[PDB]
Amino acid sequence: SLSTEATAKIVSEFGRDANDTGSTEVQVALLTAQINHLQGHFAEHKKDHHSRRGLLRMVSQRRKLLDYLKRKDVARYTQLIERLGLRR
Amino acid sequence: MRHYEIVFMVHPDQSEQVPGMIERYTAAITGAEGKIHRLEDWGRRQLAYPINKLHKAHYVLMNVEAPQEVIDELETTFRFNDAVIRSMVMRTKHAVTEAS
Amino acid sequence: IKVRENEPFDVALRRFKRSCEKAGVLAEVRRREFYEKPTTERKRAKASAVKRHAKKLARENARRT
Amino acid sequence: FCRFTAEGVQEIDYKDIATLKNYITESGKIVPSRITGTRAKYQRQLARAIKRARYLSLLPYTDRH
Amino acid sequence: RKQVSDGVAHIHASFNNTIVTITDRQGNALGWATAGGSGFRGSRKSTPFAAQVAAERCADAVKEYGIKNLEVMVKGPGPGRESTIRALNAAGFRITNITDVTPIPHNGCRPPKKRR
Amino acid sequence: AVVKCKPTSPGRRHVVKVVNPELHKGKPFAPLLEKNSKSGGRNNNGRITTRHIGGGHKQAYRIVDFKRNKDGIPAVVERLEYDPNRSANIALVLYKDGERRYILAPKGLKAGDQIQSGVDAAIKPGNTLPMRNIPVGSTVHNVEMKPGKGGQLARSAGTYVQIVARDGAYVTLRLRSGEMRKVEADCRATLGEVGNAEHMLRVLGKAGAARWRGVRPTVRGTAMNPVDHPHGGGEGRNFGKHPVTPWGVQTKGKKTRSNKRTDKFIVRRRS
RNA sequence: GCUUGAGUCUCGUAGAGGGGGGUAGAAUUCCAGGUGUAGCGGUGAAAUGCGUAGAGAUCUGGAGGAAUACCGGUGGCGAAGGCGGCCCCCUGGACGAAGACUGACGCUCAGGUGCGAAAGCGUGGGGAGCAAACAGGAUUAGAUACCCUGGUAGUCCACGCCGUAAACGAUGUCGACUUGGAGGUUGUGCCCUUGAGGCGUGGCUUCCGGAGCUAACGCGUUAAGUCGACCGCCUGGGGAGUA
RNA sequence: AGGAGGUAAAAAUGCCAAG
């Protein structure tokens with residue numbers, strides 16, 4: 001999911017410009033928007049085990065990018081996780 | 001909005017109150033920004049197998065473009081309307097405007 | 001299935017049911033679900049089909065007919 | 001041996017009962033792709049077309065109705 | 001008697017036995033004869049010949065109706081089929097049309113496991 | 001919401017409470033209550049006619065609209081509520097002219113939902129229609145048996161009646177028992193099934209948990225003396241009779257329905 | 001720092017990928033009724049069973065549950081288990097074209113966590129058809145079986161549990177390299193699409209086979225070949241995957 | 001070339017033999 005204008009909103013908020021779409025701040029935010037969107041999908045059906053495997057892939061890929069970002073630039077990391085509400 | 005391809009067939013004894021049923025349905029569609037791209041009425045044509053011991057039902061074609069919930073009350077309109085004896089809905093990849 | 005041909009009947013000649021089933025769906029659903037023996041009897045049905053296709057394209061030796 | 005919408009390009013629509021009648025038999029069963037030489041993409045397409053057309057009674061399920 | 005002219009012959013050619021029922025067009029039965037009724041109890045009723053005498057024994061069970069036009073409805077796997085129609089043609093009936101009404105499900109009921 | 005309570009005491013061990021958090025934690029609506037004194041199973045003659053009825057908790061009666069004949073006026077479900085006289089819950093509804101009433105609570109119902117009686121009401125749970133207007137195949141409850149009388153079938157919790165057919169003047173109902181009954185087509189019915197559907201999943205746990213619900217102990221027949229029961233007697237736990245009631249009629253399978261008056265309305269008996 | 005690894009975006013394509021909700025026709029059984037007459041059913045052959053209280057056959061009407069003929073294909077999709085009527089809603093993954101972006105973010109993984117056929121278990125439903133148990137009839141030296149007639153649990157649904165399988169290509173995952181042939185399927189580029197063609201280039205997949213490897217059978221660019229990274233595992237048979 | 005069958009297509013029982 002995560003329709004085309006919704007990704008356009010995220011890619012302009014976090015990146016340098018609109019074509020900057022692969023940066024770590026964009027990707028982490030773009031996964032988090034999809035992860036938060038699918039919470040209502042699994043607060044419902046709850047036996048969609050095949051689709052939850054795609055959810056855990058998005059969770060673990062988000063954690064790998066944040067663990068990349070905390071190592072490279074801890075300033076942008078702490079600015080990022082307060083900007084979406086992460087780090088339990 | 002998604003495009004849909006509503007086909008519903010009507011009881012032959014209500015074939016005269018077919019065109020009155022249409023603008024009731026279009027006003028639900030068009031009243032919520034729903035564009036319509038076909039209306040092609042197929043008249044009464046003979047069924048290939050008896051539905052409820054009837055033959056020669058009255059076929060209607062829609063090909064509309066509406067939001068998801070707008071046709072959802074249109075589908076529940078079909079279940080309690082006893083003049084339509086079945087109805088199928090299809091979807092997009094286009095909005096088509098053509099003949100049989 | 002249905003047969004008339006309407007004038008010169010004279011004889012049954014129902015290849016018509018043989019052109020659809022005549023036994024083939026009825027001597028199959030006579031019994032025995034199996035639920036996986038189709039998956040293995042379809043496989044050897046295909047395996048014997050492609051092996052004879054390899055055989056008929058490998059007949060030319062001499063054999064002295 | 002021949003072809004279908006691989007040349008006469010189509011994205012098969014179920015309401016074309018004239019064309020769909022060519023692809024069922026006299027008992028109403030779908031004729032296999034090994035007979036008509038249809039591409040496997042379009043044989044899936046008209047299988048959904050016939051199955052929809054059977055629902056709207058534009059095509060019969062059997063001949064015994 | 002009602003003396004109806006056109007009728008339907010149903011043939012229940014099962015694997016063990018064959019039943020030939022001659023009805024009218026509506027479906028109301030007029031007379032019947034099976035392979036078991038013609039003698040042939042056991043292995044003999046499962047043969048095409050016992051089907052032949054069952055159709056003949058059913059033809060003279062509807063002599064009081066004067067049927068002249070028969071439409072045949074054969075149903076079943078058995079060996080009765082292609083021999084019990086020929087017995088009706090020799091019996092002096094005009095075969096208007098033949099059809100098989102063999103009930104084939106569109107895949108659902110579990111068939112038995114039987115016979116190892 | 002069933003909850004297995006933790007075994008901190010014998011008699012607290014096997015308790016499953018069904019607790020609904022949506023019930024109105026408060027006093028009930030005052031002008032729809034009159035008193036309801038217990039009887040103990042005794043009639044005008046003062047004799048116990050039905051056994052095993054006893055004490056309880058002095059519960060008050062709530063006037064439930066079973067006719068639902070205020071038609072054409074919408075009503076808003078103000079709050080669900082607990083009712084000690086049924087198994088079901090009740091919902092206090094507020095009509096548009098300020099009138100408050102109690103109705104039974106259907107399944108998918110909460111505060112803020114809008115219901116309506118009458119013929120022109122929509123096909124939604126909680127709505128009340130005459131059964132010549134309900135589509136055949138529907139799932140209704142609170143069904144009348146004579147038009148205008150009240151509501152008499154499918155009133156307990158989780159109960160519903162399926163409309164099977166309609167022969168013009170009459171409507172066939174598959175009752176919850178399995179009996180297919182015929183009823184007049186002009187009788188009203190409320191759509192959907194009754195809420196509180198997990199009422200049967202509770203277990204009381206205690207002897208006293210039944211005892212404050214109103215019931216009294218049922219002493220078995222074979223423990224009595226032969227003057228008290230048709231069973232009973234025996235030097236050392238005997239039983240040699242066919243089982244009967246205390247008044248000596250067969251109790252393990254003996255059809256006691258003999259009406260011959262409303263037998264026309266029963267298409268098929270319970271099986 | 002860099003861009004090839006890995007990833008993101010744009011645009012499309014195919015699909016029994018999953019979850020939810022509807023609905024369709026064919027058949028079986030049951031129920032009711034019409035017709036109708038002595039068998040039906042079953043088997044190697046029989047009998048039990050059903051049938052003059054009128055079955056079976058046939059026709060009409062109904063009620064139910066379950067499964068999806070034909071398409072259908074060593075076809076497709078999925079991490080595996082698995083997944084087939086149709087329609088909608090929610091949703092995962094894969095692949096392609098042409099660019100843009102991030103800049104080594106990677107690979108593997110003990111313990112951990114999740115998924116996991118069927119049978120089974122718990123509670124509540126449902127129950128047509130099949131069918132452990134069980135019963136009857138046979139067969140037989142016997143027959144606690146095969147065969148027949150019935151038939152409960154179960155098979156179905158919801159929600160928990162179990163956590164096993166010849167869960168198997170008996171082949172761990174990831175990467176690189178190393179002759180070919182015939183196919184299937186799904187993208188795409190170019191040219192005269194002139195017409196089903198011609199030329200390319202990707203993904204997945206089936207079969208045959210070269211070098212090589214192997215104890216041999218065989219594997220053979222989807223390796224069991226040549227190598228690298230990490231993990232699991234093996235150490236005579238029985239006792240025993242038992243105490 | 002694959003498909004289907006065909007008076008036909010099966011399936012009654014049929015144990016043991018010691019160094």
# chains A, B, ... in the order shown; residues from 1 in each chain; ligands from 1
call {"tool": "residues_around", "arguments": {"residues": "residue 98 in chain E", "least_positions_apart": "2", "cutoff": "6 Å", "atoms": "only C-alpha atoms (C1' of nucleotides)", "output": "list in words"}}
result
residues 3 of chain C; 71 and 72 of chain E
call {"tool": "interface_residues", "arguments": {"of": "chain E", "to": "chain H", "cutoff": "10 Å", "atoms": "only C-alpha atoms (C1' of nucleotides)", "output": "mmCIF file with N, CA, C and O atoms, in the first residue's frame"}}
result
data_model
loop_
_atom_site.group_PDB
_atom_site.id
_atom_site.type_symbol
_atom_site.label_atom_id
_atom_site.label_comp_id
_atom_site.auth_asym_id
_atom_site.auth_seq_id
_atom_site.Cartn_x
_atom_site.Cartn_y
_atom_site.Cartn_z
ATOM 1 N N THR E 47 -24.819 -57.885 -17.657
ATOM 2 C CA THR E 47 -24.343 -58.073 -19.009
ATOM 3 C C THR E 47 -25.223 -57.269 -19.958
ATOM 4 O O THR E 47 -26.306 -56.822 -19.570
ATOM 5 N N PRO E 48 -24.754 -56.979 -21.173
ATOM 6 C CA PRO E 48 -25.623 -56.280 -22.126
ATOM 7 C C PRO E 48 -26.845 -57.058 -22.560
ATOM 8 O O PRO E 48 -27.845 -56.440 -22.933
ATOM 9 N N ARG E 115 -12.757 -50.733 -1.867
ATOM 10 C CA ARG E 115 -12.238 -51.820 -2.681
ATOM 11 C C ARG E 115 -10.740 -51.839 -2.902
ATOM 12 O O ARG E 115 -10.260 -51.563 -4.001
ATOM 13 N N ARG E 116 -10.000 -52.150 -1.849
ATOM 14 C CA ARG E 116 -8.662 -52.696 -1.980
ATOM 15 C C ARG E 116 -8.693 -54.136 -2.466
ATOM 16 O O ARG E 116 -7.653 -54.728 -2.695
#
call {"tool": "residues_around", "arguments": {"residues": "range 65-72 of chain A", "least_positions_apart": "6", "cutoff": "7 Å", "atoms": "only C-alpha atoms (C1' of nucleotides)", "output": "VMD selection string"}}
result
(chain A and resid 24 28) or (chain G and resid 105)
call {"tool": "write_last_selection", "arguments": {"atoms": "N, CA, C and O atoms (P, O5', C5', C4', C3', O3' and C1' of nucleotides)", "output": "PDB file, in the first residue's frame"}}
result
ATOM      1  N   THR A  24      18.538   7.711   4.291  1.00  0.00           N
ATOM      2  CA  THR A  24      18.171   6.908   5.447  1.00  0.00           C
ATOM      3  C   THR A  24      17.018   7.532   6.210  1.00  0.00           C
ATOM      4  O   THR A  24      16.143   6.821   6.711  1.00  0.00           O
ATOM      5  N   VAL A  28      13.506   5.322   6.626  1.00  0.00           N
ATOM      6  CA  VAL A  28      13.028   5.003   7.966  1.00  0.00           C
ATOM      7  C   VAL A  28      11.641   5.575   8.178  1.00  0.00           C
ATOM      8  O   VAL A  28      10.738   4.898   8.685  1.00  0.00           O
TER       9      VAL A  28
ATOM     10  P     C G 105      28.444  -1.264   6.679  1.00  0.00           P
ATOM     11  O5'   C G 105      26.939  -1.631   6.324  1.00  0.00           O
ATOM     12  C5'   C G 105      25.968  -1.768   7.339  1.00  0.00           C
ATOM     13  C4'   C G 105      24.663  -1.118   6.959  1.00  0.00           C
ATOM     14  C3'   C G 105      23.665  -1.968   6.206  1.00  0.00           C
ATOM     15  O3'   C G 105      22.968  -2.838   7.069  1.00  0.00           O
ATOM     16  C1'   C G 105      23.696   0.267   5.382  1.00  0.00           C
TER      17        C G 105
END
call {"tool": "residues_around", "arguments": {"residues": "residue 9 in chain D", "least_positions_apart": "5", "cutoff": "12 Å", "atoms": "only C-alpha atoms (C1' of nucleotides)", "output": "number ranges by chain"}}
result
D: 3-4, 42; G: 193, 196
call {"tool": "select_by_dssp", "arguments": {"residues": "chain E", "states": "strand (DSSP E)", "output": "PyMOL selection string"}}
result
chain E and resi 6-13+18-23+29-34+69-75+94-100
call {"tool": "write_last_selection", "arguments": {"atoms": "C-alpha atoms", "output": "CSV table (one decimal), in the first residue's frame"}}
result
chain,number,residue,atom,x,y,z
E,6,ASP,CA,-45.3,-39.6,-27.3
E,7,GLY,CA,-43.2,-40.8,-24.4
E,8,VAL,CA,-39.8,-40.8,-22.7
E,9,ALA,CA,-37.7,-43.9,-22.0
E,10,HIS,CA,-35.3,-43.6,-19.0
E,11,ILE,CA,-32.5,-46.1,-18.7
E,12,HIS,CA,-30.7,-46.5,-15.4
E,13,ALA,CA,-27.7,-48.4,-16.6
E,18,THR,CA,-30.2,-51.8,-15.5
E,19,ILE,CA,-33.7,-50.3,-15.1
E,20,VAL,CA,-35.7,-49.2,-18.1
E,21,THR,CA,-38.6,-47.0,-17.1
E,22,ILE,CA,-40.9,-45.6,-19.8
E,23,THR,CA,-42.8,-42.4,-18.8
E,29,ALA,CA,-44.2,-43.5,-15.1
E,30,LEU,CA,-46.2,-46.0,-17.2
E,31,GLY,CA,-44.3,-49.2,-16.9
E,32,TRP,CA,-40.8,-50.6,-16.2
E,33,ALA,CA,-38.7,-53.7,-16.3
E,34,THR,CA,-35.3,-54.4,-14.9
E,69,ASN,CA,-42.5,-41.8,-30.4
E,70,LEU,CA,-39.7,-42.4,-27.8
E,71,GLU,CA,-37.0,-40.0,-26.6
E,72,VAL,CA,-34.3,-41.9,-24.8
E,73,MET,CA,-32.6,-40.7,-21.6
E,74,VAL,CA,-29.7,-43.0,-20.8
E,75,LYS,CA,-28.0,-42.6,-17.4
E,94,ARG,CA,-39.4,-44.3,-33.3
E,95,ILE,CA,-36.4,-42.9,-31.5
E,96,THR,CA,-36.9,-39.2,-31.7
E,97,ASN,CA,-33.7,-38.1,-29.8
E,98,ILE,CA,-31.1,-39.6,-27.5
E,99,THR,CA,-29.5,-37.8,-24.6
E,100,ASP,CA,-27.4,-38.9,-21.6
call {"tool": "interface_residues", "arguments": {"of": "chain D", "to": "chain B", "cutoff": "7 Å", "atoms": "only C-alpha atoms", "output": "JSON, numbers by chain"}}
result
{"D": [15, 16, 57, 58, 59, 60, 65]}
call {"tool": "write_last_selection", "arguments": {"atoms": "N, CA and C atoms", "output": "short mmCIF file (atom, residue, chain, number, x, y, z; two decimals), in the first residue's frame"}}
result
data_model
loop_
_atom_site.label_atom_id
_atom_site.label_comp_id
_atom_site.auth_asym_id
_atom_site.auth_seq_id
_atom_site.Cartn_x
_atom_site.Cartn_y
_atom_site.Cartn_z
N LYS D 15 -18.59 -10.05 -21.88
CA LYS D 15 -19.87 -9.78 -22.51
C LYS D 15 -19.89 -10.11 -23.99
N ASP D 16 -18.77 -10.55 -24.57
CA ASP D 16 -18.71 -10.87 -25.99
C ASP D 16 -19.05 -12.34 -26.22
N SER D 57 -25.94 -15.91 -16.50
CA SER D 57 -26.76 -16.74 -17.39
C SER D 57 -26.64 -16.34 -18.84
N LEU D 58 -25.52 -15.75 -19.24
CA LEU D 58 -25.27 -15.52 -20.64
C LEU D 58 -24.72 -16.76 -21.32
N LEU D 59 -24.20 -17.70 -20.54
CA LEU D 59 -23.72 -18.98 -21.01
C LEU D 59 -24.26 -20.02 -20.05
N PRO D 60 -24.63 -21.19 -20.52
CA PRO D 60 -25.11 -22.22 -19.61
C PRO D 60 -23.97 -22.98 -18.97
N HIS D 65 -30.07 -28.19 -18.29
CA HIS D 65 -30.66 -27.22 -17.39
C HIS D 65 -32.18 -27.22 -17.48
#
call {"tool": "residues_around", "arguments": {"residues": "range 46-55 of chain C", "least_positions_apart": "5", "cutoff": "12 Å", "atoms": "only C-alpha atoms (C1' of nucleotides)", "output": "PyMOL selection string"}}
result
(chain C and resi 38-41+60-61) or (chain G and resi 73-74+182-183+206-208) or (chain H and resi 1-3)
